[PDB]
Amino acid sequence: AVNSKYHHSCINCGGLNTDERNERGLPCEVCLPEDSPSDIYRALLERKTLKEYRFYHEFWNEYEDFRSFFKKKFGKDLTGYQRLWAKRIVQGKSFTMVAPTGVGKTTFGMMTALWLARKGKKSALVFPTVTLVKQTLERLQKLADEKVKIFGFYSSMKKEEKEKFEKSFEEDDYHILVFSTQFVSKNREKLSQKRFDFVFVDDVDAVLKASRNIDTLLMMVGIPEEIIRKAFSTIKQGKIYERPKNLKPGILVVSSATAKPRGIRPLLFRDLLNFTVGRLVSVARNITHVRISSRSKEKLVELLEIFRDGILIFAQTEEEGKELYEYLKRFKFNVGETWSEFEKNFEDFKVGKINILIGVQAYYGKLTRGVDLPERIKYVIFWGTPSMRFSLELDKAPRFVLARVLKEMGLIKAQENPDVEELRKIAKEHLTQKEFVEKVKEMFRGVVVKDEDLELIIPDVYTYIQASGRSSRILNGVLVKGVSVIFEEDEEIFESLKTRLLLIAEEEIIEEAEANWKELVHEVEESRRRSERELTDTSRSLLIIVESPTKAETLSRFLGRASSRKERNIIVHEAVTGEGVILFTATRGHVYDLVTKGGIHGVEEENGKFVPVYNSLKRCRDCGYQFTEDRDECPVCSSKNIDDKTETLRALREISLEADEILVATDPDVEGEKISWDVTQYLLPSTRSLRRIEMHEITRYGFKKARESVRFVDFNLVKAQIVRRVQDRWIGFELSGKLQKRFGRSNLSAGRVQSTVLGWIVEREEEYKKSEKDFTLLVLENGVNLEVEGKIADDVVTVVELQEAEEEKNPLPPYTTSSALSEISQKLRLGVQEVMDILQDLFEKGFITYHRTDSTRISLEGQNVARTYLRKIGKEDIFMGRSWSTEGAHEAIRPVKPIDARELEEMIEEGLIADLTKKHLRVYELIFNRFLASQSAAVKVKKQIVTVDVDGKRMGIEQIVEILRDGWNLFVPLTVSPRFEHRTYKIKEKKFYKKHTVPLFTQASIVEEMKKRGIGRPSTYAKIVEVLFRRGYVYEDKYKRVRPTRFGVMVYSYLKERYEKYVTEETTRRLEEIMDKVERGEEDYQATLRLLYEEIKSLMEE
Ligand SMILES: [Zn+2]
Ligand SMILES: [Zn+2]
């Protein structure tokens, strides 16, 4: 508990309650003034204050009764998939059955209809083939009591039972109606008139053979076709439509789709029932990828007798495939083919009559449309890495090759005008055959350049994955494991393919030696015979909450998003995994903040201590104003088009009921912890199973290792954000008020932290002209020039003392926020805000680690990524694993994947990954180099110390002359200088000017300063500087410097007379220091709130 309040938190009256009660799940002090009562639903009734808590009560009532019904009617308990579907069925929500290959969709459909018939409600269950209509009824009749009115209908019906049904349908108040999809398509109007409380559908593809079926289903749950028409017009218009709130439909359930839900009619489901008819994207694999170093036909035989049965071969072409079919046939192995008998030779291996099936890439990779049995295919062999090959000659070289070359050469730049015959012409006249290849190899980084056969080989990560995933599918709760063995000797191919698999699938392909075959086979076949065994299912649902959609944008990019439930103010995605279902959605920002109105600008004080009072946030989409106070129109532009975060909080309460375990994965700081608390505290009366995880790499690995350090809400971090939020709110309102009563303007003062910085800027202009010293540039003959104290005139430099030594240069530690700002706002024409903004996009997309740190630590994973790159570039022996830091809060800014910035451009223009700009790539490049510089070999050089006498005045100049041994300098370059003989040198020309010893400020110099001085934290660095630009206290010039405006000078000068102890660096640093000790729990929380308070009242008197 942090002793705070939330204005719309209460589970009951839906209003104000504390931070200490809602955690325990109790209603507010008004609903239930009892401290720790025995029951809630009992006591609230005894106080005549029972209101909305009634819903969450009868919810768990009808659920546990439903769960009791299944347990009594059927065998064991519900599965995680079913438990999610059951909670959706009691709320009355329509949804898609997101599930793997037969988890029990047909089974659940009956128990619902039976449990709804027991209540009195009637339903209808639709299946494709009529063979299913009977078996559904066959199990139905021998299950339910005599009470239920079970009727059936199909094509091959009896002569008199056929008519017996249709009269009962039009009349007799039935309970369960089982019929075929054929029935729904033909008997449209009959069904449309009637109404069902529940409608179950098996094969959704059979239903989607027409538009007369979608309209029917919607009318089969109590929706007039009048609404459908108006809804059908708006989805046609180009946007979305909202169903009449007073309309109360039934419950429709559809299964996963085989093909894509293409059309406009399926959009009716999303806007009339708040659910999207999704298809099954099941990227849930557990495969071990091993690679054999060479196409040794003897070694394949060695592996085929390790697997014995259930092996697959993938040859590059039908040629070398037929060859392998000949070779193995002489060794008497049960081996078939696919290029001949696509059907018969397949079904034989399906039985066990054949042990090995040799296939191709575009033959079997295209003939996989039938069944695909993942319980037979245990092993997959790749006789040659799947890829495409283009021969480069006069012609034959594809258009995209001649494009990118001449794009950088210059002749195709004419609006990128594409041509077939013309691009051949451009080649011959300009480039010789040798010149052409040297240009292609110099441009196309990432792919394979085979100058021998004059071919271009580009790895097919798509084909490799599809051929691999045929040995790993989720069958009956258990997820079986397959093994993929690659046979490629061309090291450029194997490395290029391994890169894009670690980019897309994130799966390490390993060498042959570091893999135990007889050990891998065991955990493959044992996993196989466990999938078959009487599974005591253990699949479950999971909810995960982030604060940014961009995080979620890529979260779904590695999970396997199958559907999207637009639930209120947010949109929750759900994917398929081995642990069951997994739900995840974003908050699109914060949720709570201090109320500008009452209290000390949002702070109450009771029982001696301080109490913050929070409210839901509303960010307008038109003007963009942000406020906490509950309003309907934006008090800036009067637009009702607002974004109420309380409609998100209440939205998450609905979803919190459905899922089992809920995890909050936000920004691992104090800002992301404040949000993580406002949500867990909100979903604590609802769910009582909610934990915290902190993600640093938005990938498979960074997610797994985030749950390996799962914890609960650290209140110190929450306290830390509060104290700081209170700080700039209290002081920031006081000082800005002083400006109102002077300079006139309202909102100006951003606080204390941003104002002290302006103090440096005003007094940087002051001590600027103080050091305007005369200097001279001295261009030297045969050697490099240098600058010294000016006004010299003798044209001769005399070497006095010289000494050479062999020093070894070590690189600089990885980027922090202070480092990745300055060294990138320098080397790129960028401001600290734009730099930091690009960084967030690089982290929340899974390209770099956490972009808001102060540590330099690099874990073994970071060091291993570095080495695996140097081993890819060819120089593995220049690697040096540097720990860099013992005390590591977070981890230093580093690339999460061993892929250089040029390999990234290639993947994008190839058509694999996307959503990147050049402003992004140069920021990734700048970091990729720096990290790999900070993880390479040291440079052994040889530098000299020249002491030269110029105009009677000595001077010591140290410079590197030789690089004796290479190292880290391959990434971040090292500047060498020409040698100095111990002779006399003359000056060619002189440039006389007068720069300053004490220079000026830039956007980087500020961050540079407030890091040394100790003012601000990594998150606040980009903000503070840009804020000064915003208010108008600082302007830029020719050199893009930092100077105080006419406004900025008067503002700071005013404060230094009347309010100096509040804006002093020596006190500003003392606050950030103390507040950082609150973050670790060294200085008391309520203590530092009194200290902020004490200085405020003294300020409120001047
Ligand atoms: Zn209440
Ligand atoms: Zn507005």
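The numbers used for chain A are those of Swiss-Prot, and the residues that appear cover 2-1103, in sequence.
Header lists the method as X-ray crystallography, 4.2 Å.
Just so it is clear, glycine is given a Cβ too, placed from its N, Cα and C backbone atoms.
Cβ neighbour count for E548 (Mg(2+) binding site): 23 (other Cβ atoms within 10 Å of its Cβ, all protein chains included). Look at Swiss-Prot and you will find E548, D668 tagged as Mg(2+) binding site, backed by sequence analysis.
Feature annotation from Swiss-Prot assigns domain 'Toprim' to 542-699.
As annotated by Swiss-Prot, domain 'Topo IA-type catalytic' applies to 715-1101, with the evidence given as sequence analysis.
The region 'Insert region' annotation in Swiss-Prot covers 223-250 and is backed by experimental evidence.
The region 'Latch region' feature in Swiss-Prot is assigned to 390-460; the stated evidence is experimental evidence. Sorting each residue of the region 'Latch region' (390-460) by its DSSP state yields 31 helix, 11 strand, 29 coil.
If one looks beyond the region 'Insert region' (223-250) by at least 6 residues along the same chain, the residues whose Cβ comes under 8 Å of a Cβ in the stretch are 95, 193, 196, 216, 265-266, 268-269, 271-274.
The Cβ of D668 (Mg(2+) binding site) lies under 8 Å from the Cβ of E548, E674, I676, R853, each of which sits 6+ residues away along the same chain. Broken down with DSSP, the region 'Insert region' (223-250) shows 13 helix, 0 strand, 15 coil.
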